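First comes the structure, then the notes that go with it.
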Amino acid sequence: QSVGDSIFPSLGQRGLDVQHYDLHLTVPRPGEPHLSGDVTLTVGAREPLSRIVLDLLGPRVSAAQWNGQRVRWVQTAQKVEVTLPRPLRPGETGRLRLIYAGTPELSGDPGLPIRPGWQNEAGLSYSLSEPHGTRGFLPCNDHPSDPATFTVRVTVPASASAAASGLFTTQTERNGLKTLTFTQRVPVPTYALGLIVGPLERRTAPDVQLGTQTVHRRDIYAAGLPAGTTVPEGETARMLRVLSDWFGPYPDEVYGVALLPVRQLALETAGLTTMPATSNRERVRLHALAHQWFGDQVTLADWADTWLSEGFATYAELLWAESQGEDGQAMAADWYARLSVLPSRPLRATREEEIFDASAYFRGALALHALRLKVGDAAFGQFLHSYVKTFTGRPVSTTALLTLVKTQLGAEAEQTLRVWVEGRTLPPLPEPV
Ligand SMILES: CC(C)C[C@H](N)C(=O)O
Ligand code: NA
Ligand SMILES: [Zn+2]
């Protein structure tokens, strides 16, 4: 029934393929968790589905429709189950509309660096939902194996404003209320959906041209940011070219950061990174941008493989440093140092406390470093292009990476990667031959 995640075995519904969320969210008082929702899901299926089971934690569903007609539905625990008049079969799509309202619940999971879900602090409400927090404010197939496109229609008080992932199209105002529309036109995981409401100002920058591709530029500045909370002029343009030259074209139409005056980790929300000021650094801005490839475009099949996103996003830091004339080998040496005093575990996490631990970031990065040094920069750069392509539209797993390594680069490169992926060992620091 569920996706069957090795870490979160209850989230999601197997075979469900959500393709588009058309969400109308109304936030009455930014900074307080209550809200109302009006979402229509365009869903497909990999297998016949008698029921559409979505994740939801907090708000209560009031009405449900399927293809425009009233439909039977039940909200049970952290799930909303919708009985279809006839099974949804592969190849066909339907429209599931849900009216809901209430208070999103935060998922205070024990081993996570954050409490994912609808955040509320200092007159600001925003989503920081990795891994399984999106279900708090949106009925969803809450798993990274099922990315989807988003159209969000945010209704807020006139005094406030809002920003979501995707290009901002229209804004209307009536009876002292404001409505902003954003369209995320490239599929990304539920936790990758940016959504911020409160005192914030949009700021655009000139377009960035990456060959034939055009990437729009805009940043969000919330009120009350600390002095010096900025984006260095020209930095994001240079970062885009360096990373896109390694990975392939930037997968989205816009990029920027949403600088918040709060104290929290940064989240790679699609095309608009949720960036609390206490994390606004050059290597975190590069990190978040790298995740637009590894994490938002290339999505995980199982939360045990977070190193496919964090290790890849961490290695981009080394590539960016080298692009700026720095010694990347010395950065890899720092990674090893923070590992040589920590125990080992395979890269595939077995419990929730490990999915965002030091090994998922640095041991995964050093795994890529070991592979790169074994095949050469040219072969390694070509694999990263092939890796992204191979896993666009298809969730990535550790097994699939090793297979692609074996297929593309040979068994020796594979065994080098397998030493770091499997083994419960800390291998020696990868150094140039
Ligand atoms: C917010 C965190 C739990 C995850 C995020 N992707 C990072 O930068 O590590
Ligand atoms: Na999908
Ligand atoms: Zn990250």
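By order of appearance in the structure tokens: chains A, B, ..., then residues from 1 within every chain, and ligands from 1 in the order shown.
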Practice problem: Please provide as a PyMOL selection string all residues within 6 Å of region 155-163 of chain A, with the sequence filter that same-chain residues fewer than 4 positions apart are discarded (counting only C-alpha atoms). | Solution: chain A and resi 26-27+176-179+195-199
Exercise. Would you kindly return, as JSON, numbers by chain, each protein, DNA or RNA residue with an atom no farther than 8 Å from any atom of residue 394 (chain A), considering only C-alpha atoms and excluding same-chain residues fewer than 2 positions away?
Key: {"A": [145, 298, 299, 390, 391, 392, 396]}
Quiz prompt | Close residues to ligand 3 using only C-alpha atoms and all ligand atoms, limit 8 Å, as a PyMOL selection string | solution = chain A and resi 266-268+287-288+291+309-311+313-314+361
Protein and nucleic residues near ligand 2, 8 Å, only C-alpha atoms and all ligand atoms, as an mmCIF file with C-alpha atoms, in the first residue's frame:
data_model
loop_
_atom_site.group_PDB
_atom_site.id
_atom_site.type_symbol
_atom_site.label_atom_id
_atom_site.label_comp_id
_atom_site.auth_asym_id
_atom_site.auth_seq_id
_atom_site.Cartn_x
_atom_site.Cartn_y
_atom_site.Cartn_z
ATOM 1 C CA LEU A 16 0.603 6.514 -7.266
ATOM 2 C CA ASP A 17 2.040 9.066 -9.712
ATOM 3 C CA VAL A 18 1.003 12.594 -8.791
ATOM 4 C CA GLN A 19 1.748 14.784 -11.804
ATOM 5 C CA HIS A 20 0.475 18.234 -10.792
ATOM 6 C CA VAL A 43 -2.794 11.684 -10.508
ATOM 7 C CA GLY A 44 -1.591 8.781 -12.618
ATOM 8 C CA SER A 145 10.166 8.978 -5.434
ATOM 9 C CA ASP A 146 7.056 10.793 -6.754
ATOM 10 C CA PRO A 147 8.027 14.294 -7.917
ATOM 11 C CA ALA A 148 5.357 16.506 -9.417
ATOM 12 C CA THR A 149 4.711 19.947 -10.828
ATOM 13 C CA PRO A 187 8.730 18.208 -11.425
#
Exercise. Kindly give the distance, in Å, that separates CA of residue 319 (chain A) and CA of residue 249 (chain A), rounded to a single decimal.
Key: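 Rounded to one decimal, the two atoms are 16.4 Å apart.
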